[PDB]
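K.L.:
Before I ask anything, let me first share the structure, which is written out below as structure tokens.
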Amino acid sequence: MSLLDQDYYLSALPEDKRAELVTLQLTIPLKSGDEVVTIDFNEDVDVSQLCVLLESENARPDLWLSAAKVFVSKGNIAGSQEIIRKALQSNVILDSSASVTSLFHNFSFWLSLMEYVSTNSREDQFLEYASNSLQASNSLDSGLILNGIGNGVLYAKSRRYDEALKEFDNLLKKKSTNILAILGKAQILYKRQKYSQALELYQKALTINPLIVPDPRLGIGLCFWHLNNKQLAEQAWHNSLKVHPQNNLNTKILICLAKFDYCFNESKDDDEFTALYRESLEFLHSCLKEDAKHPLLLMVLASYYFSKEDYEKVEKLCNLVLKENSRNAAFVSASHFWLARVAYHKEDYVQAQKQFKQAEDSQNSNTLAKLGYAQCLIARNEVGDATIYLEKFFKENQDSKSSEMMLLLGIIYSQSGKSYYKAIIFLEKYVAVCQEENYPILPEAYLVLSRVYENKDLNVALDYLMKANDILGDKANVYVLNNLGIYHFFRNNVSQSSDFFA
Amino acid sequence: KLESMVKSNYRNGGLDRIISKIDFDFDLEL
Amino acid sequence: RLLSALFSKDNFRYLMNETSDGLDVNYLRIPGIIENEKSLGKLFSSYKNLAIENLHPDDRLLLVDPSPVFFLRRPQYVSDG
């Protein structure tokens, strides 16, 4: 078949869009007349000398902005800002219309956006710089739709989603072929958790432009993850990596996470689990040979090293991530959770409970941190406190499928005795969730259910005891057999009772 | 039988021991 | 081990929130959208020559609904004769 790569959509496009759009050499006419100069961006192009030459020759603003874009690709954000400023100082822009000055103001706006993005810090200062540049551009030329796109992006960064959505509605009124408007709308919808609504926009953008940056396939894979079709997500991410093999390590990280999830939830045997887990570790390490300080990779490796009893290195990585990415609360929550898990072996119940609470406060979506908090409450013999916390969490999250939480609730209520009905409900929910997940149902839940049903239904209790015995197999104990025999004796099953007693 | 075959140590809770049985050397900075 | 099983169930669900770095959109990222002032319009009109057919078959497979039938005509107004 036809190879799926960047060259595929290169050949799909006409040769005008193939070579010219990716030229690393810029042709600049000279002020002397027909003389021109060609400077290759592969070589080390100096910003100051190039700007001085451009000002002397008074070249078209397109060349200035193209050089700025290339220096952006080089990462020279300061150099691109210098290019923009000296272009504003150039005679061409001063003698041109206000439209060119507005376009360069919007370019400086994009420069501020990239400076904020590349650092994820000083957000207010760069946002104010970008806002001032965008306001100047709009005042100089308000008819440019790029000013509206910049306004919408500014609203999105300040979480003014309604105004950005209105701006994208206006852009859709102007034209429905605007790819950037589609991307911004889909980003806002994903931020608003409208995964499917953003997914239609992702598909439309991908169909319109398969070579558009940012990659729509990243959002499509996120939606497939939200729609459980993670296999298609991985396939689309592989296609994106083929199209974008550079500066897209996040796709490889997502692929590694998907492989780890598949290994956890699909390995049919221990040997297959080991093979898949080691392959995922090798792929993660190969990605780490490019970047060795990525906080998410360290957090992921912390799980493996905690499973390897390397708690000291887990603490080192957690502290390093906390120092680097304290802005991200999710990393703080994960580090606190792992510190509490490490201290659990040390049984620092007060310290582990405090760490679990801090993890919950950092990121409330971390259910595991709350479950560890409840477990630590149990460790400190806080039966009532753990019960109250668990009831609060369940009543706030009645739709959450925390099977172990429901099992613990059932056990606590069985110990209480008076709340047997909630215990039955929670144990049945745990049984159903385990059956849906194809996970081994704990026979202890069956024993608790039989104990509860002793005073309600001997038939259901006996059936649950039989199910627990079938799960145990050779693990049947003396108490289970004695209770089965007593059940059959009460059922007048003399033969079965005698066999169970034997 | 794949439903019963998949039930093994990691599902039973012996996942940590399985990871301990998998040894790998990283180029750790810390 | 109960918390280990809970982690295995959860895996890295809530850790994908930071991975949204691909959602950010910047104009300068595209190489050829800026080389001319109207390169945006040219590239928006460069893909009008392309369609779903020109998409790669594997990328077409990525277009999954969240075939024509012979008995559903498209309406007309002048007919023929």
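Every chain in the structure tokens has a letter given in the order shown (A, B, ...), and although residue numbers restart at 1 in each chain, ligands are simply numbered from 1 in the order shown.
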So that I can see what lies close to region 104-119 of chain A, please list as number ranges by chain the residues with an atom at most 6 Å from it, counting only C-alpha atoms and leaving out residues fewer than 6 positions away in the same chain.
P.N.:
A: 126, 130, 133-134, 137
K.L.:
I need the contact residues of chain B against chain C, so if you could list those with any atom within 8 Å, counting only C-alpha atoms, and return them as a list in words, that would help.
P.N.:
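Here is what falls inside 8 Å: residues 11, 13, 14, 15 and 16 of chain B.
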K.L.:
Would you compute the distance between CA of residue 67 (chain C) and CA of residue 185 (chain A)? Give it in Å to one decimal.
P.N.:
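It comes out at 28.6 Å.
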K.L.:
Set the cut-off to 9 Å and count only C-alpha atoms: what are the residues of chain C that reach chain A? Output as a PyMOL selection string.
P.N.:
chain C and resi 2-4+6-12+14-37+43-52+54-64+66
K.L.:
Using only C-alpha atoms, which of the listed residues (A:285, A:475, A:268, A:370) sits closest to residue 26 (chain B)?
P.N.:
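Under the stated criterion, the closest residue is A:285.
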K.L.:
I need the residues of chain C that end up classed as alpha helix (DSSP H) by DSSP on the backbone, written out as a PyMOL selection string.
P.N.:
chain C and resi 2-10+39-46+57-61
K.L.:
Store the residues picked out above, limited to N, CA, C and O atoms, as a compact mmCIF listing (two decimals), in the first residue's frame.
P.N.:
# COMPACT_ATOMS: atom_id res chain seq x y z
N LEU C 2 -3.48 -4.02 48.47
CA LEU C 2 -4.78 -3.47 48.08
C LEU C 2 -4.61 -2.14 47.35
O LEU C 2 -5.23 -1.91 46.31
N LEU C 3 -3.75 -1.27 47.88
CA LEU C 3 -3.47 -0.01 47.20
C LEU C 3 -2.71 -0.23 45.89
O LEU C 3 -2.88 0.54 44.95
N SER C 4 -1.88 -1.28 45.82
CA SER C 4 -1.23 -1.60 44.55
C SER C 4 -2.24 -2.02 43.49
O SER C 4 -2.15 -1.61 42.33
N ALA C 5 -3.22 -2.84 43.88
CA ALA C 5 -4.28 -3.21 42.95
C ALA C 5 -5.11 -2.00 42.55
O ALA C 5 -5.53 -1.87 41.39
N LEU C 6 -5.37 -1.10 43.51
CA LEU C 6 -6.10 0.12 43.19
C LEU C 6 -5.32 0.98 42.20
O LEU C 6 -5.91 1.57 41.29
N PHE C 7 -4.01 1.08 42.38
CA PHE C 7 -3.17 1.80 41.42
C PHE C 7 -3.23 1.14 40.05
O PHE C 7 -3.34 1.83 39.03
N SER C 8 -3.15 -0.19 40.00
CA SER C 8 -3.21 -0.88 38.72
C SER C 8 -4.54 -0.63 38.02
O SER C 8 -4.59 -0.46 36.80
N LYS C 9 -5.64 -0.61 38.79
CA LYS C 9 -6.93 -0.26 38.22
C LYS C 9 -6.93 1.17 37.69
O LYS C 9 -7.38 1.43 36.57
N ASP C 10 -6.41 2.11 38.48
CA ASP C 10 -6.37 3.51 38.07
C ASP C 10 -5.26 3.77 37.07
O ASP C 10 -5.42 4.59 36.15
N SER C 39 -0.40 33.54 2.81
CA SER C 39 -0.12 32.11 2.82
C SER C 39 -1.15 31.35 3.63
O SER C 39 -1.40 30.17 3.36
N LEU C 40 -1.76 31.99 4.63
CA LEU C 40 -2.85 31.35 5.36
C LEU C 40 -4.00 31.01 4.43
O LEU C 40 -4.51 29.88 4.43
N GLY C 41 -4.43 31.97 3.61
CA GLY C 41 -5.48 31.70 2.65
C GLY C 41 -5.06 30.71 1.58
O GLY C 41 -5.86 29.89 1.12
N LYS C 42 -3.79 30.79 1.15
CA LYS C 42 -3.30 29.85 0.15
C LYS C 42 -3.32 28.42 0.67
O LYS C 42 -3.76 27.50 -0.04
N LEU C 43 -2.87 28.20 1.90
CA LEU C 43 -2.87 26.86 2.48
C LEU C 43 -4.29 26.40 2.80
O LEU C 43 -4.59 25.21 2.65
N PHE C 44 -5.16 27.31 3.24
CA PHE C 44 -6.56 26.94 3.41
C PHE C 44 -7.20 26.57 2.08
O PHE C 44 -8.08 25.71 2.03
N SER C 45 -6.76 27.21 1.00
CA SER C 45 -7.20 26.87 -0.35
C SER C 45 -6.27 25.89 -1.05
O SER C 45 -6.56 25.47 -2.17
N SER C 46 -5.15 25.51 -0.41
CA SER C 46 -4.31 24.46 -0.97
C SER C 46 -4.90 23.07 -0.75
O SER C 46 -4.63 22.16 -1.54
N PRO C 57 -5.20 5.70 3.59
CA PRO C 57 -6.21 4.71 4.03
C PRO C 57 -6.18 4.45 5.53
O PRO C 57 -7.25 4.30 6.14
N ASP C 58 -5.00 4.39 6.13
CA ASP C 58 -4.93 4.21 7.58
C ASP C 58 -5.49 5.43 8.31
O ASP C 58 -6.17 5.28 9.33
N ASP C 59 -5.21 6.63 7.81
CA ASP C 59 -5.80 7.83 8.40
C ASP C 59 -7.30 7.89 8.16
O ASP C 59 -8.04 8.42 9.00
N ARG C 60 -7.77 7.36 7.03
CA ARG C 60 -9.21 7.21 6.82
C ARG C 60 -9.80 6.25 7.85
O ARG C 60 -10.93 6.45 8.31
N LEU C 61 -9.06 5.21 8.21
CA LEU C 61 -9.51 4.30 9.26
C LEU C 61 -9.63 5.01 10.60
O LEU C 61 -10.42 4.59 11.46
K.L.:
Counting only C-alpha atoms, which residues of chain A come no farther than 7 Å from chain B, as a CSV table (one decimal) with N, CA and C atoms, in the first residue's frame?
P.N.:
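Contents of the output file out-v2.csv:
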chain,number,residue,atom,x,y,z
A,267,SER,N,-2.8,-8.8,30.4
A,267,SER,CA,-1.9,-9.9,30.4
A,267,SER,C,-2.5,-11.2,30.9
A,268,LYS,N,-2.6,-12.2,30.0
A,268,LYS,CA,-3.3,-13.5,30.4
A,268,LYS,C,-2.4,-14.4,31.3
A,269,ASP,N,-1.2,-14.1,31.5
A,269,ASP,CA,-0.3,-15.0,32.3
A,269,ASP,C,0.8,-14.1,32.8
A,270,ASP,N,1.5,-14.7,33.8
A,270,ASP,CA,2.6,-14.0,34.5
A,270,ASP,C,3.8,-13.7,33.6
A,274,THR,N,5.3,-10.2,32.5
A,274,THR,CA,6.7,-9.8,32.6
A,274,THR,C,7.2,-9.3,31.3
A,307,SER,N,7.8,-0.5,43.7
A,307,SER,CA,7.6,-1.9,43.6
A,307,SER,C,8.9,-2.7,43.7
A,308,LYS,N,10.0,-2.1,43.5
A,308,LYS,CA,11.3,-2.7,43.6
A,308,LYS,C,12.0,-2.4,45.0
A,313,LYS,N,15.3,6.1,46.4
A,313,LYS,CA,15.3,6.7,45.1
A,313,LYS,C,13.9,7.3,44.7
A,316,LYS,N,13.8,10.5,46.4
A,316,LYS,CA,14.7,11.5,45.7
A,316,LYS,C,13.9,12.0,44.4
A,317,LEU,N,13.4,11.2,43.6
A,317,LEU,CA,12.6,11.6,42.5
A,317,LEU,C,11.4,12.4,42.8
A,438,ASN,N,-13.5,-8.9,35.4
A,438,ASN,CA,-12.8,-10.2,35.3
A,438,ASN,C,-11.7,-10.2,36.3
A,439,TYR,N,-11.9,-9.8,37.6
A,439,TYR,CA,-11.0,-9.8,38.6
A,439,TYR,C,-11.4,-10.8,39.7
A,440,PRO,N,-10.5,-11.5,40.4
A,440,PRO,CA,-10.9,-12.5,41.4
A,440,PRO,C,-11.7,-11.9,42.5
K.L.:
Write out as a list in words the residues lying within 10 Å of residue 442 (chain A), counting only C-alpha atoms and excluding same-chain residues fewer than 2 positions away.
P.N.:
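That gives residues 407, 430, 431, 434, 439, 440, 444, 445, 446, 447, 468, 471 and 472 of chain A; 12 of chain B.
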K.L.:
List the spatial neighbours of region 379-386 of chain A as a PyMOL selection string - criterion: any atom at most 9 Å away, only C-alpha atoms, same-chain residues fewer than 6 positions off excluded.
P.N.:
chain A and resi 347+349-350+373+412
